[PDB]
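# Descriptive structure summary
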Amino acid sequence: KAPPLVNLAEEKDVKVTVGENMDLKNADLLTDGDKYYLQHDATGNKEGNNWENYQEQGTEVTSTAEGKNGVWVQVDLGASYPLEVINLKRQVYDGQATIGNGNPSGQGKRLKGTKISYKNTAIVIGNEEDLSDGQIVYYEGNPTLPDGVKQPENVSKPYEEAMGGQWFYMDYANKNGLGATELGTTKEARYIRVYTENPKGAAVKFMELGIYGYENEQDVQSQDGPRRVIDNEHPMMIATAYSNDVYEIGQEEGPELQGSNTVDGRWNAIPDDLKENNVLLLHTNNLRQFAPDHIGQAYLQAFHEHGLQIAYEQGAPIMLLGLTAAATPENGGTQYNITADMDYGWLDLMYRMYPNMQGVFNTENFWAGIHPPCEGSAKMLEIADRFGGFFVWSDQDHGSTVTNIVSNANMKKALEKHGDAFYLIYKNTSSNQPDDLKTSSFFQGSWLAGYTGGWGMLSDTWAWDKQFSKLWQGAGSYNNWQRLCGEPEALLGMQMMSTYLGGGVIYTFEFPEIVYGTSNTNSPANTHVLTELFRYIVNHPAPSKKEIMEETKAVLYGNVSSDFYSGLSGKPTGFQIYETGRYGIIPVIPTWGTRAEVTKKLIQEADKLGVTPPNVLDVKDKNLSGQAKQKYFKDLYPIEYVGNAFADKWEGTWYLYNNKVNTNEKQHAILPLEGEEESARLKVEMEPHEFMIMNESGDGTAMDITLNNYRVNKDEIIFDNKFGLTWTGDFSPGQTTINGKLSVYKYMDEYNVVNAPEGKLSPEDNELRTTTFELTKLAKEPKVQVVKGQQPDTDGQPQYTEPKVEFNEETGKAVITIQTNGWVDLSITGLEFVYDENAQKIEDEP
Ligand SMILES: [Ca+2]
Ligand SMILES: [Mg+2]
Ligand SMILES: [Mg+2]
Ligand SMILES: [Mg+2]
């Protein structure tokens, strides 16, 4: 299936001509779709241990006219087509480029040599073969134009030839044809002529003339609003499609992903009803890592083009990894990733070509550099918003991440004009640094003041590696690939719940092969936790900006202390969860401007939402000290419930979890219930790795409860290593993936499989844990039933027991007990609450 914008120069049966006193050699090379001319694609673009050299091939046009070196080449498309983009590449280097040292020194490789700056370059298009009706796309120097074509008033200056060529668009008033246009800005032409003079000789090597357009005017596109909405009513889950680091340009099959996954495979594993709230993130991973300019650019473009094309045929919306490890074409950039060889003209083209192209993703740049990734991000945010796309920046903030983003003049300007398309999500990879809660505060704060379009989460099972191993145990001396597998599945649900209640709208998980799955199947975590809770979040919109602003009495400004949250919402664990919902996330506005500037911005946002502005406090305010903060916040936000469990009430629904990450302790929540009887109480008691959603009928007679405590036991299969998997960071001979990764894949493929067929193992999820509910004070026994519950795997073992009800006629206390490992939907009916003079008081301690 063809996308609407095509390279007509490649797709059509074109005729190539030159002018009088010119020789034309190898005319086919101009429109063969090849800008790089690589020879060793079959051996990782290496001869032995060395990267193949850059050897430039191209259509040669040579002047045979005495004293006149200027040449031209014309393409006849065979009919008149709406044209939108032209890509010209000529020979880049005067002689042969050599492979030399890049960044970092001794790993990164960069081409070295003298680059050519061509002169008397012009592009003319028209519908007459002699171009007597010619229109100028580009004009530099003083080449003689066709009879009937006037010189422009505005003339371009020479540029240095580049690995990706030059990009031209159809508005001469927009940087003299170099300025990117709105989608569907076209001019009709059959004939395209390129003038060039080589500064040294009478011969120009034309490596590629790409001519991008439509079959007809009916196909010409328009950007009519955003490609997708991201907000409380339109949440988005991102799943990362990592290259397995194996690819050959021209291969028939799709790009192979980690864990025998494919782009079409991952898309087709998503339930149909959630496809409108999902995107796939194409990530180059370590594909051709450290390669010089020609190999890096060729593989960056081929990998993403192939992914985009498969996604286009399947109807999958796509994000591209724009930048990690400061690997950007900008000055000071590294070659840690082939994103170093990004061409902004190509990125623009992918938006024009692929209607399913939506987003650009940035993560983990600042460890390797500050300003280069800010310069790259500024341009890519501008490109995204031009095409109604979006940009996601994922990082943990120690106190200077957002400060550094906004300190870049170009990024600041880009955020002022395009900030509504820009989203900040946390990343708890470094769980050992207690920066999880302040990161959420910074990102919610940025959105609430109106600097960004939203905030969200990336939960990483690498968080487990930094602290824990077996259930209830510390890290020990296990291999880090073992500890990556150790995180409780329900804990991912608790994090989702916490993001949701803070008006988060983006949900992302790593490691992808554990949290989403392998071999184009769904993991236990995905099937029994992520998919179910994300469906809830799609059908029950999160708090809007209006709803969060309404409930916020105080916003902080500046670099909030990591431990500010201890004695308030909870001690930072590195796992993005809370001890209570009483205070929400607590928005902290980073250094987007002075305190006075962010204040104006926040109060003007509140005014737009039609709500009372919050008070702004500097983090250094005397009321926010260790001694004063509890009294200040307790007076602002009334207590909603009593107990050491997490609980929040949002739009009539209760949300709870046990907030212990890896210590085996029960917690309880005591909730005041709706209805005529104000003394009515529910007490919930939960063991760790459990979340719960409760909705009262309102008339006081009934209550629906969904709980989910799904957890696979890894103690024997992963940590004891019962099947003798090789857990190392090393490659085995002839393998292209390290043993640690292979063992994770094999674990997910053989030993931890949902509906495990013959010869594979059901997940180790059959040990049930007790939840107890106490309802007081009642006149008679209530009725409890399981409306729906999690069904057994192929081993036939139950994931829940029938609930047991005990009613004491003397006290009027109903105790309801159930054992689960997974989810159940309970319906409690026949509730008749009477006055309880002993009802737990919903108040703070004296
Ligand atoms: Ca070519
Ligand atoms: Mg605004
Ligand atoms: Mg209700
Ligand atoms: Mg089971």
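In the PDB header, X-ray crystallography is given as the technique by which the entry was determined, and 2.1000 Å as its resolution.

Attention now moves to the overall build of the chain. Along its length, the chain carries 18 helices and 36 strands. Scaling as 2.2 N^0.38, a compact globule of 846 residues should have a C-alpha radius of gyration of about 28 Å, and the chain matches this with 31 Å. Dimensions of the chain, computed from the C-alpha atoms along their principal axes, are close to 115 × 60 × 50 Å. Residue burial in the chain is summarised as follows: out of 846 residues, 60% are buried. A separation threshold of at least 6 residues defines the contact pool for the chain, and within that pool the share at least 24 residues apart is 75%. Charge separation in the chain, taken as the distance between the mean sites of 72 positive and 120 negative side-chain charges, equals 5 Å.

For the rest of this paragraph, the subject is the coordination of the magnesium ion (ligand 3). The textbook angles at a metal center are 109.5 degrees for a tetrahedron of four donors and 90 or 180 degrees for an octahedron of six. In this structure, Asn695 (OD1) and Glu696 (O) serve as the protein donors to the magnesium ion (ligand 3), at separations of 2.1 to 2.6 Å. Relative accessible area serves as the criterion here: at 39%, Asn695 is assigned to the partly exposed category. For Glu696, a relative accessible area of 10% puts it in the buried group.

What follows concerns the UniProt feature "binding site: Ca(2+) 2" (unreviewed entry) in the chain. Per the UniProt entry, the sites bearing "binding site: Ca(2+) 2" (unreviewed entry) are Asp765, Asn766 and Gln799 in this numbering. Maximum C-alpha separation among the annotated residues is 7.6 Å over a sequence range of 35 residues, consistent with a single clustered spot. Inspection of the secondary structure assignment puts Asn766 in the loop between α18 (739-751) and β32 (769-776). Excluding anything up to four places from it in sequence, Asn766 contacts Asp795, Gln797, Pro798, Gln799 and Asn821. Along the chain, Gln799 turns up in the loop between β33 (783-789) and β34 (804-808). You can call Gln799 buried: its relative accessible area is 2%. Contacts of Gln799, omitting those with residues within four sequence positions, involve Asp765, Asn766, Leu768, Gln790, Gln791, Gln819, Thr820 and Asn821. A distance of 2.9 Å separates a polar side-chain atom of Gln799 from the backbone oxygen of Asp765.

What counts as what
- Residues numbered from 1 in each chain as written, not as in the entry; some residues may be left out.
- Chains lettered and ligands numbered in written order.
- Heavy atoms only, no water.
- Helix = DSSP H or I, 4+ residues; strand = E, 2+ residues; numbered from the N terminus.
- Rg over C-alpha atoms; globule rule 2.2 N^0.38 Å.
- Buried < 20%, exposed > 50% of the residue type's maximum accessible area, 1.4 Å probe, protein only.
- Contact = heavy atoms within 4.5 Å.
- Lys, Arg positive; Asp, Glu negative; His and termini not counted.
- Charge placed at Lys NZ, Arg CZ, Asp CG, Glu CD.
- Donors = N, O, S within 2.8 Å, 3.2 Å for Na, K, Ca; no water.
- UniProt positions renumbered as here; feature names shortened; annotations may be inferred.
- Polar contact = N/O pair within 3.5 Å; in protein donor to acceptor, adjacent residues only side chain to side chain.

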